[PDB]
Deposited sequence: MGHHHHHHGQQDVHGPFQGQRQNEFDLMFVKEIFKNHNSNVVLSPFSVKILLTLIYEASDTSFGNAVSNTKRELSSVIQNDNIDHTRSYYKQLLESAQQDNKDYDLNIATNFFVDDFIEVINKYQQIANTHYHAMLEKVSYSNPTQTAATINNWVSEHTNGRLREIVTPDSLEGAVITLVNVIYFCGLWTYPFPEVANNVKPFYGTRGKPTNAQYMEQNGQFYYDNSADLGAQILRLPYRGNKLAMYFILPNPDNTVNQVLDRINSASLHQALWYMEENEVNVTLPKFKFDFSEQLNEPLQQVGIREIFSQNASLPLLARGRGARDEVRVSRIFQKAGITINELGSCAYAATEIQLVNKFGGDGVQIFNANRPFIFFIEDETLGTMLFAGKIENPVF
C-alpha cells in the first residue's frame, strides 16, 4: 500500500517550493534526481576526503560515504529496475571539456552507485556540444525529451551536469475513454480543458492543516503512485506550499484512507526544463558555485560545475503516464510521484493550465 515510513524530504520539499515560487505556469521536476546531482559534486569535492558538507546536509547520509552510496544506489534501483508494469529511467551525465583529465575512478563511482557517466566535449564549439548534449538527452529518454540546452546556454562553460528523467506507467484503475470543461486558472479567464472522470476506491482525505484535498492514484507494479494535492476553493497553490513541510505533509498523508471517490482530473502533457544554479543558491547551496569550488576527485590537479540542468516530461490520461466524495480538480493543483516502498520523491509538479 502507501508508504509507512518517514520521508527524507526536508530538502526535496524546500527545493520544490523555490522552483514553484518562481514560475508562472506548469512545472515538473525530480527532487530525488537533484539530490543525486548534488551528491556527485559532493564526491568530486575535496571536503569529503579522509563548508560544502554543511550546506549539503539534508542530501548526504550521516557523513559516511559507503552509506551515501548504497542509499542512493538502492533507491535508484528500486525505481529504475526492469519490470512488467512500468519503465523509469533517471539519466545523468557530466559534459567535461577536452582539456580536463577526468579521473577514471570517479567514472567508476558514478557509473556503479549513482547511475551516471562522464563524457568529453569541446566547448570551443558550442554548436557541436549542444547537439551532443541534446542527442544524449534523446537517447536516454527514448526520444520523449529531445532538447535540453542551446549553444547560448553553454556560454563560458567548462563542466555541465545534466539530469533527465523518463517514465511510462499504467494506472491501476484506468479512466473510461470518453468531455471538455472549464479550468479556472488564477490569472485570466477560465480556459477549457479536456477532463477524465471515474469513481472508485482510492486513498483520500481533506486536510484541514494543508487546506486541500489529497488523492492517491496507484500505478501497476506495487511501487509507484501519483498523489494530488487540490487546494480548497478558499486558497491558492502558494498558500498550501507555505503550509507544507516534512512533518505536515507526513501527517496529511498519514491521515488518508480508502474511500469511494468521484475523481475528475484534467488530462495534461508537458515537459519542463530549468537551470539549477539559481534556485540552488537560493535554498543554501552556494559553496560549490564559488570562485574556490574545486572538483579534485573528479578532475585531475581547479575547476567547478559551470551549469546544471534538469528536464522532465509527464502525462496523465485514461491509461496512465506514457510517452461519495468528489475530488474534482478543475483549478490549479500540486502533484508528486513517489516510490511507495521507500518514500522517494521521484517527480514533483504543478498544474496552472493543463494542455494535452
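Gaps without C-alpha coordinates occur at 1-14, 65-68, 197-198, 322-326, 349-364, with positions taken along the deposited sequence from 1.
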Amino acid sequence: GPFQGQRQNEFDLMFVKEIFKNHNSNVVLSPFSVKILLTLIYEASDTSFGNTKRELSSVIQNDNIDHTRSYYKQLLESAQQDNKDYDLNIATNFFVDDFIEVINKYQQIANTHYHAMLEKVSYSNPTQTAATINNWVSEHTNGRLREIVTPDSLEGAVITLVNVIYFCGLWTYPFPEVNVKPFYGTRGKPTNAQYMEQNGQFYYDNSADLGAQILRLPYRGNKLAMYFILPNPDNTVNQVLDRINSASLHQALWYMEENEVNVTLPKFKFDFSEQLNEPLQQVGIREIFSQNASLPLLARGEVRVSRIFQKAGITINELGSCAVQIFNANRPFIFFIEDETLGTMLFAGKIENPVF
From here on, numbers count along this sequence of modelled residues.
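Comparing the deposited coordinates for 36-44 and 52-60, the stretch with the larger average C-alpha B-factor is 52-60. Averaged over their C-alpha atoms, the temperature factors of 115-123 and 220-228 are higher for 115-123. When the Cα B-factors of 189, 250, 243, 269 are read from the PDB record, 189 comes out highest. As recorded in the PDB entry, 325 shows the highest C-alpha B-factor of the residues 325, 315, 310, 26. For residue 274, the recorded CA temperature factor ranks within the middle third of the chain's modelled residues. Sort the modelled residues of the chain by CA B factor and residue 4 lands in the lowest third. Looking at the C-alpha B-factors along this chain, the one for residue 174 belongs to the highest third. Placement of the Cα temperature factor of residue 239 within the chain: middle third of the modelled residues, per the deposited record.
Residue 135: CA B factor in the middle third of modelled residues in this chain (values from the PDB entry).
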